[PDB]
Amino acid sequence: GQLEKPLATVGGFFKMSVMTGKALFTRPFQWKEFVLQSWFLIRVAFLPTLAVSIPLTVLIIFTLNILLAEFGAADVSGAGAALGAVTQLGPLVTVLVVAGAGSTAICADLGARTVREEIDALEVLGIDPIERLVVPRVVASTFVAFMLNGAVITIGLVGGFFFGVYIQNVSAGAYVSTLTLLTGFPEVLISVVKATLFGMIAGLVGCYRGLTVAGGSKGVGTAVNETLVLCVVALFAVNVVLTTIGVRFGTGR
Amino acid sequence: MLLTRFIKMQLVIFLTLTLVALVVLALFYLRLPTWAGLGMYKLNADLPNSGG
Amino acid sequence: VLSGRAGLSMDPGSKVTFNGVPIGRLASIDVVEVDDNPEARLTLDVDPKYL
Amino acid sequence: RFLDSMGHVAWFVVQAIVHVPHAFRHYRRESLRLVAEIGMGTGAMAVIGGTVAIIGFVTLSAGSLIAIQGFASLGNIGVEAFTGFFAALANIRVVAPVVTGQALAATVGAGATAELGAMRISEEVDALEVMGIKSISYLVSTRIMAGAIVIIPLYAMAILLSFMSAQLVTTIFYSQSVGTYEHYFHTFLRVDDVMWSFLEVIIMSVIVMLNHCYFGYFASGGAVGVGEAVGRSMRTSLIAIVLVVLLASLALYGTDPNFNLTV
């Protein structure tokens, strides 16, 4: 009985996601809502994404450079600079600035629609919310996560190059020539898969929590907080699983 | 005022977790007695060169 | 410190040692023309405790 | 506008800081209740463990990631006995402070923003002001004191679980000997780094609590605006945490890296 309580919400989320997939592959797509939600997520989670990605990659590059300079092998730093940035820094900054901003925004928007009885207004008009609202939001979440992951990886690599060369006086040719030493097609492919899955899961969780808001006076805030916590936990677990799968393939081996 | 004995229960379990975590981290992971010098005596040496 | 050649794997941030213990670090390396011959000049930043 | 907003947040943080002794003397039971609520969560998230469980799961995941990728790369190169040396410097310098900060931000900060927004909407702040009570001193200063009291155990648990996860992944799943891992871990880990990391986490937690209390205290727009306040507070908290960790690491190890391997 103790496990049966969260299992009901788990089943509701899973059934809602199954219906979302069915509406995506069966019913006509909502291009207008998809465009609107894509631009909304981009405008709500682009500047924070850079503002979190730039200092974090600078910190990682600084730590790697000092540790390797003491180690003596300061010419292979770019290798690590690539290896983290493609496979962990990109998807994890995507996790943070998607779950914090876009997932919470989707949950708040759908909760606002629910408490204002707009969902019931759609439902009494014969329309299905899962096809008109959830599908464009999940697709927009996936698209924005993909693009943001690409931008994060690129900006992180460039910032690491500039910091290491112009501050810690490492050699630029060693940075650019060692980037591909440990990173190849498997790493960028697993990064793309991570970003796509993270965006899809964040969109699904945000939509499901927004549709099932409790109203009241703290229901929307509680729903947003629960959305954020669930997204962080689920995306970290999925990142662990996908990291294991990706290192099973490997560029070095 | 207050003292609902459920907040008290949360407080005492949190304090137990705090003490356990602090002691385990200080002893088995950080080795604070070794860093401070508990149970150790000082010894010196003179070398012709450091040798790194 | 002047020398015939700087030496490979000698870059700014290299440790300067006395009797094997670090006392400072290398600041910069340059090429100086002495009697129509290039030589290496190294600038060292040393803690004045050991001077 | 921009200067006006900066001045408003500066006034809020100054007023919250200067009322810490007043809150400490006048309100002790409230501080203890907030300590319990922050440590063990509230609402539906409290039944799973609250902030402790979320922090533990996220830090275990981060340590597992470090061990996994680290061991894979070093085994590909060949020098795989350095994993214990690589994991520790990964956890202390970059991974554990930032990750614990983001998890603390999410759980505690979003909960505080939601609570203060609900109080603002439900006219409870007006009720406190009518009854002759400093609302900032009663709410925000108490939150700050509770966060300062609770952060050290939380980050101690986070560090402990990150180290445990890295060691377990390396020495059980990858079957590395425990002796080599423990040697390279305890030989190349300095307690000074851990102390400075604790200071970073304390400062970061104070800043995060101030930011989230600001976003929740001045909420508007009914129940709908509370969620938007939570989202904005989360974005600001992420940026502030990363910036604090970067600045502290740049200041500490700019000249002395505090790590020796070669001669």
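Since every read-out is calculated from the coordinates, none of them should be taken as a lab result. Every residue, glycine as well, gets a Cβ built from its backbone with ideal geometry; the counts of neighbours run over all protein chains shown.
Is it true that D:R93 is of a type in the set (K, R) and away from chain A (no Cβ under 13 Å)? So that I can check it myself, show each step before the final result.
Numbers: of a type in the set (K, R): yes; away from chain A (no Cβ under 13 Å): no.
In short, no.
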Practice task
Among the helices (runs of 4 or more DSSP H) lying completely within the range D:13-82, list those that include at least 2 residues that are free of Cβ contacts under 8 Å to residues at least 12 places away in the same chain and within 30 Å of A:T180 (Cα to Cα).
Solution key: D:51-77
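Residue under question is A:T114, and the condition is that it be surrounded by fewer than 24 Cβ atoms within 10 Å (Cβ to Cβ), in a helix (DSSP H, G or I) and at the interface with chain D (Cβ under 7 Å from one of its Cβ atoms); does it hold? Please lay out each step first, then the result.
On the way: surrounded by fewer than 24 Cβ atoms within 10 Å (Cβ to Cβ): yes; in a helix (DSSP H, G or I): yes; at the interface with chain D (Cβ under 7 Å from one of its Cβ atoms): no.
In short, no.
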Practice task
Could you figure out which of (1) surrounded by 24 or more Cβ atoms within 10 Å (Cβ to Cβ); (2) more than 10 Å from every other protein chain (Cβ to nearest Cβ); (3) closer than 15 Å to A:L92 by Cα; (4) among the β-branched types (V, I, T) isn't true of A:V192?
Solution key: (1)
Completion exercise
For C:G4, the lone unmet condition from (1) loosely packed, with under 15 Cβ neighbours inside 10 Å; (2) closer than 23 Å to A:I167 by Cα; (3) over 11 Å from the mean Cα position of the chain (by Cα) is (2)
Practice task
Quickly run through the range A:241-253 and pick out the residues that are surrounded by fewer than 17 Cβ atoms within 10 Å (Cβ to Cβ) and either aromatic (F, W, Y) or within 30 Å of A:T104 (Cβ to Cβ) (or both).
Solution key: A:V241, A:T244, A:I245, A:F249
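Any idea how many residues of the range A:207-240 are of a type in the set (S, T, Y), facing chain D (nearest Cβ under 7 Å) and surrounded by fewer than 24 Cβ atoms within 10 Å (Cβ to Cβ)?
Filtering the range A:207-240 for residues of a type in the set (S, T, Y) gives A:208, A:212, A:217, A:222, A:227.
Filter once more, so that each one left must be facing chain D (nearest Cβ under 7 Å): A:217, A:222.
Retained after the next criterion (residues that are surrounded by fewer than 24 Cβ atoms within 10 Å (Cβ to Cβ)): A:217.
Adding up the residues that qualify gives 1.
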Exercise for the section: Examine the range D:45-57 for a residue that is of a type in the set (F, W, Y) and farther than 30 Å from A:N239 by Cβ, and state whether such a residue exists. Expected result: no
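Inside the range A:1-106, counting only helices (runs of 4 or more DSSP H) that do not spill past its ends, which hold 3 or more residues that are out of contact with any helix residue (DSSP H, G or I) (no Cβ under 6 Å at 6 or more places or on another chain)? Show your work before the answer.
Values: elements: A:4-26, A:31-44, A:47-71, A:77-84, A:90-97.
Of the helices (runs of 4 or more DSSP H) lying wholly inside the range A:1-106, those with at least 3 residues that are out of contact with any helix residue (DSSP H, G or I) (no Cβ under 6 Å at 6 or more places or on another chain) span A:4-26, A:31-44, A:47-71, A:77-84.
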Completion exercise
Exactly one of D:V230, D:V201, D:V178, D:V208 is of a type in the set (A, V, I, L, M, F, W, C) and facing another protein chain (nearest Cβ under 9 Å), and that one is D:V230
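Out of D:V169, D:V242, D:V194, D:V226, I need the residue that is crowded, with 19+ Cβ neighbours inside 10 Å and over 26 Å from D:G39 (Cα atoms). Which one? Steps first, answer last, please.
Details: D:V242 fails: over 26 Å from D:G39 (Cα atoms); D:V194 fails: over 26 Å from D:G39 (Cα atoms); D:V226 fails: over 26 Å from D:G39 (Cα atoms).
The match here is D:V169.
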Fill in the blank from the handout: The one condition A:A108 fails out of (1) of a type in the set (A, V, I, L, M); (2) under 27 Å from A:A223 (Cα atoms); (3) facing another protein chain (nearest Cβ under 8 Å); (4) without any contact (Cβ under 8 Å) to a residue 60 or more places away in the chain is (4)
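Of the residues D:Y174, D:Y155, which single one is under 27 Å from B:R31 (Cβ atoms), surrounded by fewer than 23 Cβ atoms within 10 Å (Cβ to Cβ) and touching a residue at least 12 places away in the same chain (Cβ under 8 Å)? Before you say what the answer is, go through the steps one by one.
Working: D:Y155 fails: surrounded by fewer than 23 Cβ atoms within 10 Å (Cβ to Cβ).
One residue alone meets the criteria, D:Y174.
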Problem - Subset of chain B that is among the small types (G, A, S) and closer than 26 Å to D:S165 by Cα - its residue that is nearest to the other protein chains (Cβ to nearest Cβ) - result: B:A21
Problem - In the range B:1-39, residue farthest from the chain's Cα centre (by Cα) [restricted to those that are within 20 Å of D:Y181 (Cβ to Cβ) and among the hydroxyl-bearing types (S, T, Y)] - result: B:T34
Completion exercise
The number of residues in the range D:98-152 that are under 16 Å from D:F12 (Cα atoms), among the polar types (S, T, N, Q) and more than 8 Å from every other protein chain (Cβ to nearest Cβ) is 4
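Taking only the range A:117-151 into account, find how many residues are out of contact with any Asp or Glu (no Cβ under 9 Å at 6 or more places or on another chain) and part of a helix (DSSP H, G or I). First the steps, then the outcome.
First, the residues of the range A:117-151 that are out of contact with any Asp or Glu (no Cβ under 9 Å at 6 or more places or on another chain): A:117-121, A:123-128, A:130-131, A:134, A:138-139, A:141-151.
Filter once more, so that each one left must be part of a helix (DSSP H, G or I): A:118-121, A:123-124, A:130-131, A:134, A:138-139, A:141-151.
So the answer is 22.
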Problem - Single residue of D:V206, D:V230, D:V226, D:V194 found to be under 14 Å from the mean Cα position of the chain (by Cα) and either in contact (Cβ under 8 Å) with a residue 24 or more places away in the chain or assigned to a helix (DSSP H, G or I) (or both) - result: D:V206
